[PDB]
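> If you scroll down you'll find the structure; I have some questions about it.
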Amino acid sequence: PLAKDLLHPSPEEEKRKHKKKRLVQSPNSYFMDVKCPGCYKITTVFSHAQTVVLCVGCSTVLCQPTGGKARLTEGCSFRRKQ
Amino acid sequence: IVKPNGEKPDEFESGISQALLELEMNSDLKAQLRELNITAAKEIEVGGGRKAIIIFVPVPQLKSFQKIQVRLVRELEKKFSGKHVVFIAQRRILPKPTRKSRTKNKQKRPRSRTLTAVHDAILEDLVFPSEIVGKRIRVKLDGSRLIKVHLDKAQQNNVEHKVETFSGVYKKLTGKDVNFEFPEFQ
Amino acid sequence: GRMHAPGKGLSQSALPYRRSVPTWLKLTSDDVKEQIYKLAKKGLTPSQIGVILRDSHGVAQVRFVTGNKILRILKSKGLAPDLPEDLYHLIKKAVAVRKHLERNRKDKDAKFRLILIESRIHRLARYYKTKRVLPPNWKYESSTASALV
Amino acid sequence: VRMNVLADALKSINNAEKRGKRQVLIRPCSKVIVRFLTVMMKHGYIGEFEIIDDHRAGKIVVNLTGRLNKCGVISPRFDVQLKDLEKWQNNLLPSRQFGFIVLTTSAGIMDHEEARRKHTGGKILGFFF
Amino acid sequence: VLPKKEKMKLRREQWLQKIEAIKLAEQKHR
RNA sequence: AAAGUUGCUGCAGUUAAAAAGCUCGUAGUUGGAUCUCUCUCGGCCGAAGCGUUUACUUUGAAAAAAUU
């Protein structure tokens, strides 16, 4: 109590904090590579996308926008990028 | 190969000119180095008798030099003895307009031509294999500043041994003490 | 806190410290600019352009990859509307509430919200006329509202 | 709204040190804040501080010591001619030994003693004892 | 309880005693 | 003058004098961070454009005695 190094917070408190209240702010969102199960193409999709993103070749529904993160279609595979 | 703004080639500059000529005539980096050119060079002693070469290159071709950075550095490390190779954009400092100046400032100087913008760009260009993901400035009790730069951890093995010559060249070129760290988690 | 709502939220966007373009993005600045051009030809506002570019094309920030923000890109080739998108949206909202008032006369809440929207319109028009985006003779009239849409 | 960030920084420092804290985080940073804290630092009042650089107006983490009783801003920045210093200190500093009026003068940011020594006046920023 | 003016006198006197306290602690350092 | 009962220094406004039903709403007041001297003619110098203009600060001159 009354004694904590504010310059060097351990990563669980920095991850726990609100994104604007971090020591240097950083977004909680990310970009992800998705593959449609009906094809082999790779698509770069924002995690918190607000618009429905269609396949360039299959024209299938990849992600559905929700209140927070997008809802990927059951069957599509994804991998977090960087 | 060399086009100095003062148009006065030194023998360091001619030596690295024939060095880049040897790399252009032999290695696979033929199609792009012929298009490019540099401006100047200097040799600085840092870290207790360990030399380093610095190459001043004109600005609008750095991105081309950002494509061929690491290969050219490793080939000049094979070419020379144990040294370090860094590239610096030739950045121009426009003086601060005071109430005693010459009448050449009929327009406002650009914000990119200021002192601080040039020095943060220079600190960015010292480190291409890494990227500056953080920066802090410690103001010690004596009143002298000390910049600490946090670089990237995912590639940390590449430039771990090069941080000392980074601090040395930045101190020589600016007069500011800097240190470099690597955070455990982003 | 907000201008007229007494509530004070925090939700916004937090730009990362990394201004550099990430390595995985193989799109160049030019291809981004013609993406902006087709998107503007589709009748899209700059906000919608940035949203679609972020959601689908992987462009984190147009200003980080192209060096300019989207309105200047649309202004260079003249694919920019005469009046800005926020003023346009306030004006559309005013027309919608006014038409609802013409159908419904007992909605005093819609009258109060119309006063609020028109107050926003006046303040932002004052700001734009200060920075010469609007001509000095421009004025919002209640009857001169559906013609701007 | 948030005007006079130096006032908010000094209020935060005072409030944190009266609660017996060891460090204080102040945001946003400013060059006037940094010069004011340097003026405190050279007199041994606030230890040593560090500027955290995000691409916005930065933050400062200050290592508090305990020798400070109150630091304060004088708003608005009144014109202080070189005579008025005695008057101003007899209004502000509770004694003749310790306490500091900080002035922004044409020679930079300084305290009232160094203001007298360089023979200049300026505008008043704050005081700390 | 007790008058305000006496409390104000006491607070002023304890703050004055702290003022010479800090001055004497600073003088001992030289 | 005590007197901080006119308060700039330096007052007050739950319950004692006293804060407006609520929101919008001119002017005025107040406003985040950021930017490190030279050209001509005359004997290293003198004239000239100043350098955006200020506000601010300092210096120098000039400024009845009496009173203090």
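Chain A uses Swiss-Prot numbers throughout; the residues present, in order, are 2-83.
Structure determined by electron microscopy, 3.0 Å.
Cβ from N, Cα, C; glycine included.
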> Just to confirm what the record says: which one of A:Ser11, A:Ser27 has phosphoserine annotated in Swiss-Prot?
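With Swiss-Prot as the source, phosphoserine is noted for A:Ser11.
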> Taking the binding-site residues one at a time (A:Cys37, A:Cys40, A:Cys56, A:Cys59), which has its Cβ surrounded by the most other Cβ atoms within 10 Å?
A:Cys37
> From the DSSP assignment alone, can you count helix, strand and coil residues within the zinc finger (A:37-59)?
0 helix, 7 strand, 16 coil
> What is the separation, in Å, between the Cα atoms of A:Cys59 (Zn(2+) binding site) and A:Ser11 (phosphoserine)?
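Distance between the two Cα atoms comes out at 45 Å.
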